[PDB]
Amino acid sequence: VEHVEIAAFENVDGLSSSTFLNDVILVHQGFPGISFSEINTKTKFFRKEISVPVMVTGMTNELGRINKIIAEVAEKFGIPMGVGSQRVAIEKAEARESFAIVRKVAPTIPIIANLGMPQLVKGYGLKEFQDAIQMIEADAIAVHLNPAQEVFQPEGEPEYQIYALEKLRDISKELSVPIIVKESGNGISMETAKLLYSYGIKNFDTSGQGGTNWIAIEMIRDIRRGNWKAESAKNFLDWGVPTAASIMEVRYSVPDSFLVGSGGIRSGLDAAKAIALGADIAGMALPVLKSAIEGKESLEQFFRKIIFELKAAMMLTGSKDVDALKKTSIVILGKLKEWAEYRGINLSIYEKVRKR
């Protein structure tokens, strides 16, 4: 598919965009108070325990073999996996297999189902959610927001009438698993998290700018068909809430949330920063795709590296476990500091909130 081709092989990772993660420093503790072998990376993911506080977030036959590779490696490492949109599989019986195998190959890890928010204004509802969940015996379902991508694509247009949320709220009352609302690379602001929260959504995946740039992907699609919209997309390459800013806004405005910090997480250090900032876990998509494309051992080496990097940051902050990481001392500098200040985030009360 053209989207996968562009994302994996063109220069669109963080193109003219920023996570603001470089504005976050984890304070080095020269006397850690622990040994490396005592570091415990285990944490809760709803009703299950996972081995490392990171998930693979959703990415849409050839698509099913990447999904297979990702799922088996995720299972091995005890990390949760989101699948990409299950709309095609809801509609076409054939496509059901390229999702199913996930649970054949990953019996124990949390698996998160996926449908787009715009589908809720287009006839999708309780049944479809139940089908997407059943299809992979999912432990949760992610509902994704991608208005920026939809705005810049040749075809169709974004529809996010409030009805979607009213329906989602109804759905949440009969679903057997939790709902996560996630972005797709442009981030969740406090106004959006408060709005979602007001309809009963308590679980968020920031998916901020700085990682996969979908506006850049549509720019490329546009250039490829000589569409003038490409020039317009260029103006919006840096559009969105940066991941680090998104983590703060969501944690601040809904302190009881379960929070995935994703969008440009490219190292275990990035993952450690996201968690220390306020996330409960870090999410990754694009670098998982690129490694899985190289093959199973490449993705295994990828996760070994991400996990080493995470434990390195844990060790060097004297953080024996994830709960300790979430309260370790940080510095916030530069644009992220200015962002937080303008946005009314009292850093003093932020600190308190991130640490509880």
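Basically, rigid core = biggest C-alpha set you can superpose within 1.5 Å across the two forms. The first residue of the sequence shown is number 1, and the count goes up from there.
Trainee: Please tell me which region, 217-225 or 255-263, has C-alphas lying farther from the displayed form on average in 8 other deposited structures of this protein, with superposition done on the core.
Mentor: With the rigid core fitted, 217-225 is the stretch that strays more in 8 other deposited structures of this protein.
Trainee: Which stretch is more displaced from the shown form in 8 other deposited structures of this protein, 162-170 or 149-157, with RMS over structures and residues of Cα positions after a rigid core fit?
Mentor: The more displaced stretch in 8 other deposited structures of this protein turns out to be 149-157.
Trainee: Check the residues of the deposited sequence separating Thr60 from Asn61 and report how many of them have no coordinates, as none, 1 to 3, 4 to 9, or 10 or more.
Mentor: Count of unmodelled residues in between: 1 to 3.
Trainee: Per the entry, where is the mean C-alpha temperature factor higher: 171-179 or 87-95?
Mentor: The stretch with the larger mean CA B-factor is 87-95.
Trainee: Look up the CA B-factors in the entry and say which stretch, 297-305 or 327-335, has the higher mean.
Mentor: Going by the record's values, the stretch with the higher mean is 297-305.
Trainee: Pick out which of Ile217, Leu237, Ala100, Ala244 has the highest C-alpha B-factor in the PDB entry.
Mentor: Spelled out: the listed residue with the top C-alpha B-factor is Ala100.
Trainee: When the CA B-factors of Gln134, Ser262, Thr212, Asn186 are compared as recorded in the entry, which is the largest?
Mentor: Most elevated C-alpha B-factor of the set, per the entry: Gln134.
Trainee: Quick check for you: using the entry's CA B-factors within this chain, is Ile25 in the lowest, middle or highest third?
Mentor: For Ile25, the deposited C-alpha B-factor lands in the lowest third.
Trainee: Quick check for you: using the entry's CA B-factors within this chain, is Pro32 in the lowest, middle or highest third?
Mentor: Middle third of the chain for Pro32's C-alpha B-factor.
Trainee: Ranking every modelled residue in this chain by its Cα temperature factor as given in the entry, which third contains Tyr199?
Mentor: Middle third - that is where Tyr199 ends up once the chain's C-alpha B-factors are sorted.
Trainee: Consider only the C-alpha atoms of the modelled residues in this chain, order them by B-factor as the entry records it, and name the third containing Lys311: lowest, middle or highest.
Mentor: Lowest third of the chain for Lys311's C-alpha B-factor.
Trainee: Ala106's Cα B-factor: lowest, middle or highest third of the chain?
Mentor: Tercile = highest for this residue's CA B-factor.
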